[PDB]
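K.L.:
below is the sequence, then the experimental coordinates.
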Protein chains: 10
Amino acid sequence: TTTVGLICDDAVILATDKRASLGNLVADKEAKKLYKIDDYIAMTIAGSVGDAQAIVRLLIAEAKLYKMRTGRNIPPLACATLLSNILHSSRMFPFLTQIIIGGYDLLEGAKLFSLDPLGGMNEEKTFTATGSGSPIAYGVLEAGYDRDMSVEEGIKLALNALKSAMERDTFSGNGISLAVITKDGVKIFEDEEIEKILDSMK
Amino acid sequence: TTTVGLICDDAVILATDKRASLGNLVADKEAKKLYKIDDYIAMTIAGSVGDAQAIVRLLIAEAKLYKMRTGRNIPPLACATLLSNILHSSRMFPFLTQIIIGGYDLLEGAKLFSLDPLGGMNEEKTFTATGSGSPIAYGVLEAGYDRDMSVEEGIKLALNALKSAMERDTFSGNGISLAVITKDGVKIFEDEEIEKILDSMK
Amino acid sequence: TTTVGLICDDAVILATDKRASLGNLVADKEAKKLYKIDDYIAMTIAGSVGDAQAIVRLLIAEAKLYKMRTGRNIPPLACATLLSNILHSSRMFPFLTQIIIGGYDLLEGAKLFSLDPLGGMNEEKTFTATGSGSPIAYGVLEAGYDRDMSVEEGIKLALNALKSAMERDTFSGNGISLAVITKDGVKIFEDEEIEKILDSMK
Amino acid sequence: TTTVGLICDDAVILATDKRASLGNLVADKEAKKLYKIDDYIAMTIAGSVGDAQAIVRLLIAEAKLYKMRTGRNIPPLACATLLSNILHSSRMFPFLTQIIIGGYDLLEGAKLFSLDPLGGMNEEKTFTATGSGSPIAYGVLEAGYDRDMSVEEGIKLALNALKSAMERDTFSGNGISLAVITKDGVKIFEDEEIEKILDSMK
Amino acid sequence: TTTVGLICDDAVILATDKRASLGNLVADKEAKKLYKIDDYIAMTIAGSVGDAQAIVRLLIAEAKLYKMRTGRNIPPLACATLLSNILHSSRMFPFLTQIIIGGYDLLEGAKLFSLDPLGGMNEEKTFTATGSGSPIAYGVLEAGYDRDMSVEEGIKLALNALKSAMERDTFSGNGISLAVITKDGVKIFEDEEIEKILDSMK
Amino acid sequence: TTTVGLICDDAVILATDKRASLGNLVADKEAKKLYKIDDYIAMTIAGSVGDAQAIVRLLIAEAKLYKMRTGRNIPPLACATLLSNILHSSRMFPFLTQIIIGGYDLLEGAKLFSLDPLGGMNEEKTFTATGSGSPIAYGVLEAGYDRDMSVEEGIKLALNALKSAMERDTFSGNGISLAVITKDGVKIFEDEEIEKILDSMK
Amino acid sequence: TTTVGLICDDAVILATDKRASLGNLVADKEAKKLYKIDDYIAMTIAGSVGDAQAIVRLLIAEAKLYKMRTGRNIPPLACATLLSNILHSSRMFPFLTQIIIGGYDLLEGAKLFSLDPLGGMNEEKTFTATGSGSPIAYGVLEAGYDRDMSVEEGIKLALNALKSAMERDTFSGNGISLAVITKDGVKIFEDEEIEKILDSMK
Amino acid sequence: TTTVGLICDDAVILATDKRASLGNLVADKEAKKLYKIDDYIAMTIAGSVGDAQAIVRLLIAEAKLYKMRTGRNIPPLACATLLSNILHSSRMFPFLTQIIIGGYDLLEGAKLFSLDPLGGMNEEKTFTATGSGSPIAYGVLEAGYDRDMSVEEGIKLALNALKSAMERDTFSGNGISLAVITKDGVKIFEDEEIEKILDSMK
Amino acid sequence: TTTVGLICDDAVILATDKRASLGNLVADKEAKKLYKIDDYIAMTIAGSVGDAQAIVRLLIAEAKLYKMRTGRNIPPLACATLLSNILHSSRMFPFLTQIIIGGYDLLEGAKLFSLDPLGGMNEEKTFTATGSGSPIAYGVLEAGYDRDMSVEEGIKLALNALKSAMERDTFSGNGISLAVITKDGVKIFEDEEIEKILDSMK
Amino acid sequence: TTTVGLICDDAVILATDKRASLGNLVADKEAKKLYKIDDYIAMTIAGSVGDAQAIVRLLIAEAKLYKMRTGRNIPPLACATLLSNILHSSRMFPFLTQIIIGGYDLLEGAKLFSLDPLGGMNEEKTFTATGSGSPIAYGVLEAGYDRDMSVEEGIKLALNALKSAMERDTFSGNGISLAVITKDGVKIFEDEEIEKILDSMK
């Protein structure tokens, strides 16, 4: 339970922690928290699994539909304003969970949106992160981030948020996943190759 | 969480604080709290995000519709009386959130409306503010407001309220936004330019 | 319930509000909230009446005793750390309440101290206020206060903090009392004269 | 929150306190609490704003309707029994709020009705009041009232209740609105002229 | 439970309500609420009977003692500051009950002191009333009082407060007792004679 | 809230207390607690006003209807068993309120029915009372009643209960009204003539 | 649990109800609730037995002690004020129970006192009663009582209170005990002879 | 409420945030959170003010005491193991509050200590931090620290922990205080010179 | 209440514990916890018997139906994604209980899925387990498992988790049950034969 | 918080995990949980830090004193039954926390004692563990322990428990620490060397 989103020049970087946290017990030694909904968009779930779980499937299906009914791949800032709506439906109700959506706007460029359980949404121009061990990761960014950085200088800083949080949060910190959305697509990093990085790092 | 409205001569001014406040954690370094719904009206959200979030959208439509179904741009003191009703509906229900709406009536001139989560609505003739750190902001105005203080001496005083509150409230105070509605329109100030002012102040 | 304190040049100013408040009812149209313990130090009680009330008597005596036994009028920052200890003796216990002590140190000059019901103490180099109607007062000061504003520009600002709180708090604002401690003494303004100022103001 | 109703010879008097009360804060230096529904009837809310707020609107309508549907301007003692019912409707439900209606029945004359949030209704032959600061106002009336006290000795007495309450109730006491329903119509006093009275008084 | 105090020129007046209130039931058709401790001072008890009850006897003793050990009938403002302490002894403890003491100070003249169960003390320069139905009695005063109202205009106004509350309070209002302390002594009015006034009145 | 009913020979008597009770405050110096539904039957509400209030109207309408659809003035013991059902419909629900109905059944004669808010009903052949201040009234009866005490000895005994309870109950005892149903009709006593009796009494 | 006290010319009467009440069960077909402590004084307990039980014994001794220590049989209005203190001793503590003491003072005549478990005390000049079925008994007295009702018209009025209550209170009403304290002594009525009276009545 | 500590080669660094936090309101624009008790040791308080306030004084005394009674300046890890004890004395009790102490041991060298409100102690060989915004600050350290980072690379890093935490924490971030203890002494940095650093940085 | 699953080369293993635990009493010396739903998949419940019981049935039909409607034996990772759905429907509602599904995908091979009462789902590539005494079982696997192991070293380890749990858990551990799914089928081990193994083990 | 102890041939092994867990945050990357109290006994705390902390010191003292007072190094099972007693003294009191003591008795040999916060104690002949993630460690033991497993096979097992716990427990497992007591002494392993083992392991 720990995610990070940030814009660095061209596109947007997203990373999580493959750690499922069943009270005292470590339940999953590898649990996805990073999903690609559409060819230009993807997201990170934080918090109530079975809840976000559905919120993913109960959404991708609304994307890979809008794409069809009207060509354009659900423009991110539009697909987002669903979630803002989807959640808030369950305000009167019990809903819950965190969420970051990061995808490339057909035209308007890269976009990064943050999302609270109720339905609060904000476009994060700089960087944002969420999770059990968010404020740990946060501190990393708020003092290691510059408007420009790079394609490279992003995914580095990126890990190094998780690197701290993951070893300073009881609940986050088992394995790590990462994908980057850019104009031409979305790359899920197959674990093995991820690792390369912090090796070349410190 | 801190906003401000006041009538000053010609038109009406509004301001917020782009700070989002996830309990202990500062969550958004730039959260919009000031929205224009119609070419002649604008409002300010204080409180429950994803709640006030929807009430915006679930109100803007209603405008850029009334506008259409009947020419006159939803006269402000009518649109307001919608929220008094749009709110009160969820009294039996869990609604909540603050709100200031101001706009230049086709004819009756400038108008400024406070508003509570229940549905209580009041026309403010002078100046009113809302937000976690509002009572701070309040002192400012109620010892810095005259009946007729220029198109300038208002947006000055406006800031200064936030200046205070922002730096004397755990919850408010990260960046600032502002717009002034007047007969001929509604001006969203692009961050950069706001600044000039408190530079030209103290 | 709404007190202020501030250091303007020479010495330090103090101001209360003669308003006692019994839940709904207004109980005292004139309650002293400003007490002078020792010829060079004066203090303001805020909150739990008969609890503060004693902490007064149960202290003045300690002063006009120290003074005697060792000449030197209990230097302020030394009387204060008394309260820090006096209070914190009833930490285990149910003590409670607010308090501002401001005195002229024989030689160290002007001093201003803030105080919480536990024992938390702090020297205010600038200004501080306390009370049910505090964060109103506070908004006035934080944006109407300069390192060096006369003995005049201080008692003015002193009033306009109370002027705000008093008529933007349900609990502050029946009458006002004001005294100023300065090297040679401590003036307890006798109502009538106080009023002279907001007349000569706006 | 503090309203008064009383009968004096000819017709009936109503007066409020333009004071809004967000707990500690004072939220509206100027809030209407006296509404005229029908050309011959007028009412004063006391208590939950947005609840009362609607109950005005969700009633005025039924008035200027019954009026059209059957000539006669909804005779007061009948409109009232609506409320008795309109309220008791949300008995099974969370309704709430006080009220006083006073009107001149086409023929029966002056009438004045007390009203609790449940639906409890009682015609007041003499004088009645209600609101946060009601029992203050009361003492005044119960010892400043005689069967036949002129049109004048009415509205004089009236302010003087509010005069007491507004200045002995943490929650009442900011401004005062007054109107008088009499056979020929319903006079809403525009702030300025009202004051004239306590000038001519003591 | 509803007592009054007020300072009219010469000396000071005190009035009670001989009405005891055992919850639903009216338990005593005649319960003294006004007590003379010392030939120059007198007090009224409000609320917790068997508590105030002790606080009376547990005190008059203290007075007609100090009196002896040192001539000077225990000056009022000094006796009073006993209760300030007496009560606040049992803050740490479960104490409670209201109080008004009023005496003629050997020299300083007339005094009037209010007193809450914690121990909070204040001298009342004008008028002050305590008791289940106090807020009624108040309004009477706050709008029937002038600096210099005759020895007569005093006891007149004194009853008319209790006249009000006694018939607008479920707990007060079964009979009434009055005494006026003046330089030379303290007059307990023997029921029958009291009655006089409200008959020469209206 | 203190009503009485009792069968004295020919017919039946009912009496109330015009005293309304808003918690601490006495809110209505005259509140009708005795209603005549049909020319042969009358009732006395006790307790939840706004609730009983409806229950009178939402009933008389049934009476003067049955009365129409089939001549016979809805027999008492039959309208009674309505209530029994009427009430118990809202058992599943939140209903409440006390009740006594007494009428002259076309043939069966005089009737008297007790009634609790759930739906429990009993024919009282003797006498019965309900009201915040009932049990007092009761004692009067249970030791001032005989099978055959005249139409007179009836309404003498009837006041003298109230006499008691009205000055031994915090909640009852402001004004009194009385009506007697007998074969030929139902007598509402206009206050004035009522009094006549306790004058002729002791 | 139901007792009575009242003054009738010469002396003072006291009556109880031998009925014990273990919640649902009826636990003593015959329990004393009237105790003679001193040759000139007698008292009635209502409420927590084992508590009162003590308060009797832990008092009796104090009388038949003071007696010896100083000739005069503890004057009632003095012994009484013990209790006032004996109770208020366990205010800080969980003491509880009612009481009526009545005796003939060596010189001052007859005396009758009411007593609440806190320590609240009042001389009753007229008539008073207390206990589970007190308010019932009261009604009787409040309308069957006159300043000067014989030695007989007293003890008669007496039973008849109990008569009502004992047959209208779930908790009182099993057998009855009575005694009368008059100058020369205190008479304990042995059940049989008591009886005689209501045989001679109605 | 955000302190940090860390061991960099020679000696040890410590840093706070002069931000006090009365819940919603920011109470102190400059609250000391760093204290030097003895020429060779210094500590930081985080959390319960008036509790740790004491704990400081209530310890300083015992340092500059031990020192005398036996020359040697109270060795750090011996001073520490007082707190461990000075806290756990109030386990049975309501004590509370965080803490770091750090000094240069006579011979053993630089020492740093972590301390929880119970009495939890550990020696921190690397770096540690505490307070409302602690984990934010942590993150910084955990990915920005090396065993042997210059005296300089460590006061750099420290700020930046705070830089972070202070603007990612509703409760931290008003001003910054820093000191460094090393063999020869303890340097408290006077606000102005602190500043130099993040000017020469980013 | 203690199940296990893990993939070993070819296929997948499952095991339970035939113990049901009725609070303090052992209620079932043999309760099935392992269910085959379709010829190529098998699942294990843990926890709320009669809820899961249903979820078995209310599932085996949705299997052997899809199977018919479209040949393909409801592929595992889809069937599962029913349960991720079937559960969450009753998120809003009171649904609960553990679960592990695992069967041979037609083509994709061996699959293993965990599942929580809310409907979170996580494919396990290695091994996982659930139930009152899970973690005990866990510790065994996590330190006795290798990517390959074998068909044999599989079911050997598997028991050996249960051997621990069942003898270190108050709620697990009455007998064991075992089945393996592999491409061609799904063996349910008939008590007797299971045994063999820990005979040929330690 | 996850400790272990098991007897193996000659002597006794212990082990912990240097992980401290301030709720959600990891507060100590290395916190000591394994303590030597006497040259022949060693112990391991688990759980409540500053309490246990104390129970160590407030114990080691009692060791090396008995030592001196009477030569024989406090024999373990006697030492132990201190703690059974030292604990329970504060059952009446809030004590708490886990514990295992392990020492070579002068003659009887090797001893291993488990201990609960109330004071229960059991010597373990085989193996026992404790701390938040204890049972995980447990399952490793109960299935990897033989009566006679060398000095080596023990400490190998030992870590191996920890290996699971630490890697399946939210609150255990930041680094590890180890010590073996044996006739001639007590080896506290200094991190670096420990490591060697799981290198020569799997």
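P.N.:
Cool, the structure landed. Numbering: from 1, shown residues only, chains lettered A, B, ... in the order given.
K.L.:
ok, residue A:34 - contacts?
P.N.:
By Cβ atoms under 8 Å, 6 or more residues apart in numbering or on different chains, the contact list for residue A:34 reads A:3, A:14-16, A:42-45, A:177-179, A:188. Just so you know, the C-beta spots here come from the backbone N, C-alpha and C atoms, and that holds for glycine as well.
K.L.:
separation between residue A:188 and chain J?
P.N.:
26 Å (Cβ to the nearest Cβ, to the nearest Å).
K.L.:
give me the nearest residue to that residue, chain neighbours excluded.
P.N.:
residue A:179 (4.6 Å; Cβ to Cβ, 6 or more residues apart in numbering or on different chains).
K.L.:
the spatially most central residue of chain A and chain F: what is the separation?
P.N.:
The residue lying closest to the centre of chain A (Cα atoms, centre = their mean) is residue A:44, at 3.0 Å. Using Cβ to the nearest Cβ, one gets 47 Å for the distance from residue A:44 to chain F.
K.L.:
the top helix by length along chain A: which residues count as buried?
P.N.:
The longest helix of chain A (DSSP state H) is helix A:49-69. Using 16 or more other Cβ atoms under 10 Å in any protein chain shown as the test for burial, helix A:49-69 gives A:49-56, A:59-60, A:62-63, A:66-67.
K.L.:
after that helix, next one along is what?
P.N.:
For helix A:49-69, the following helix or strand on the C-terminal side (DSSP states H and E) is helix A:76-89.
K.L.:
show residues contacting the very next helix or strand once past that next one.
P.N.:
Using DSSP H and E, the helix or strand that directly follows helix A:76-89 along the chain is strand A:99-105. With contact meaning Cβ under 8 Å, 6+ apart, strand A:99-105 is reached by A:3-5, A:11-14, A:37-38, A:40-46, A:52, A:55, A:75-77, A:79-80, A:83, A:110-115, A:128-130, A:181-183, A:186.
K.L.:
now which of these would you call buried?
P.N.:
Buried by 16+ other Cβ under 10 Å: A:3-5, A:11-14, A:37-38, A:40-46, A:52, A:55, A:75-76, A:79-80, A:83, A:110-115, A:128-130, A:181-182, A:186, out of these.
K.L.:
got the residues of chain A near chain E?
P.N.:
Within chain A, not a single residue sits near chain E (Cβ under 8 Å from any Cβ of the partner chain).
K.L.:
follow-up on the earlier one: bridged to the residue nearest to the centre of chain A, which residues?
P.N.:
Under DSSP bridges, the beta-bridge partners of residue A:44 are residue A:34, residue A:100.
K.L.:
that one and residue A:26, how far apart?
P.N.:
Plainly put, residue A:44 is 20 Å away from residue A:26 if you go by Cβ to Cβ, to the nearest Å.
K.L.:
ok, now residue A:136?
P.N.:
Residue A:136 sits 18 Å away from residue A:26 when distances are taken as Cβ to Cβ.
K.L.:
give me the more crowded residue out of these two.
P.N.:
residue A:136 (34 against 28; other Cβ atoms under 10 Å in any protein chain shown).
K.L.:
start to end distance for stretch A:155-175?
P.N.:
Using Cα to Cα, to the nearest Å, one end of stretch A:155-175 lies 16 Å from the other.
K.L.:
and it, is it in reach of chain H?
P.N.:
Yes - on the criterion Cβ under 8 Å from any Cβ, stretch A:155-175 is in touch with chain H at A:160-161, A:163-165, A:167-169.
K.L.:
ok, now stretch A:126-139?
P.N.:
Yes - judged by Cβ under 8 Å from any Cβ, stretch A:126-139 and chain H are in contact via A:133, A:135-139.
K.L.:
so which bits of that stretch are buried?
P.N.:
Buried residues in stretch A:126-139, defined by neighbour count with 16+ other Cβ under 10 Å: A:127-139.
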